[PDB]
């Protein structure tokens, strides 16, 4: 009945003065915009239909046309930034915010979804949705004693839209908006649905991707233990955002990092640092690199949890990006560590893989490795065992690699290699 209409027929129906004809044409538009392959969004926009749909959003007496137009506009807003902008330019934001209070749950859900797409376009539309007052009604939709009474799809859509309100930087979301959203986010972070958990973790990861004051806003809510628990989940879609959030948090101050450690995060890293998903391994090793950049007691907790052998493992075999993160972790470790910690590192077998990685073409990883070797040599000097370390490097085939780097294009690599050769070889 409303299937496979032409845009011409849709226009004729919507331009009729008959609300039922308008409803049928709007539903045909919705079905066109819901097709799997290349929905004709641009044709619908060029036909001038967005203002009509937006006006239909306000037909409180015809809830079906509200729903159909909300769905059509949601799918238009799901397209390119220009198509989302076409929806915003038609006045859709305040109309959808008004629909958030609809007594019909499917209409409220559709408005939530549409605002999620609009905010997901970027920081400008995110902040514009916020300025029009979306957060209060959105959060009111979740003000129930037990989230489990809400329909699963409804709650998932609310969580996703809230996550888009937390997303993007340059600028980051307004501080007052983040403080307004965070308590509901914590509650959602304790929900049992895997998709709600995943999107809540993503929102926290966004909110912690910034300066230390944003991180502090988050960690003062006490969510770090829940994030560690989720770090241990079996569902990769939960572990990925949980790990991103924990890594962001350990980019902060030593005290925030210590909050991560105290919550028991390090005990999860034997599995994370051997995870079959390359992205998990890379992100876990980056997190480790930022933990080894911390205090000597924090390096010591890395040692106690038995993680140095796992760093040697990643450095020995992993995708190259993860090996680069591991090199960074080793260099930070040797920069901040005691002499005893550095000798422990050597005793775990770091030198041979660290030397094998000097065969790489990336200049940055070579510089990182040369810095680490210099630090290890400084510790050896403090112990008077520099000759033993030199022999160690020579047996690995590393002296050849260093003396070869003496002929490298980068000045820093050149000078560092020559300095090592002159002082210790």
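Numbering follows the first chain given and starts at 1.
Stretches 192 to 200 and 338 to 346 differ in mean C-alpha B factor, with the higher average recorded for 338 to 346.
Mean CA temperature factor is higher for 97 to 105 when stretches 157 to 165 and 97 to 105 are set side by side in the entry.
Ranking 239, 329, 354, 134 by the C-alpha B-factor listed in the PDB entry places 354 at the top. The PDB entry assigns residue 293 a C-alpha temperature factor belonging to the highest third of its chain's modelled residues. The entry lists a Cα temperature factor for residue 271 that places it in the lowest third of the chain's modelled residues. When all modelled residues of the chain are sorted by CA temperature factor, residue 217 is found within the highest third. Looking at the C-alpha B-factors along this chain, the one for residue 333 belongs to the middle third.
Ranked by C-alpha B-factor against the other modelled residues of its chain, residue 32 falls in the middle third.
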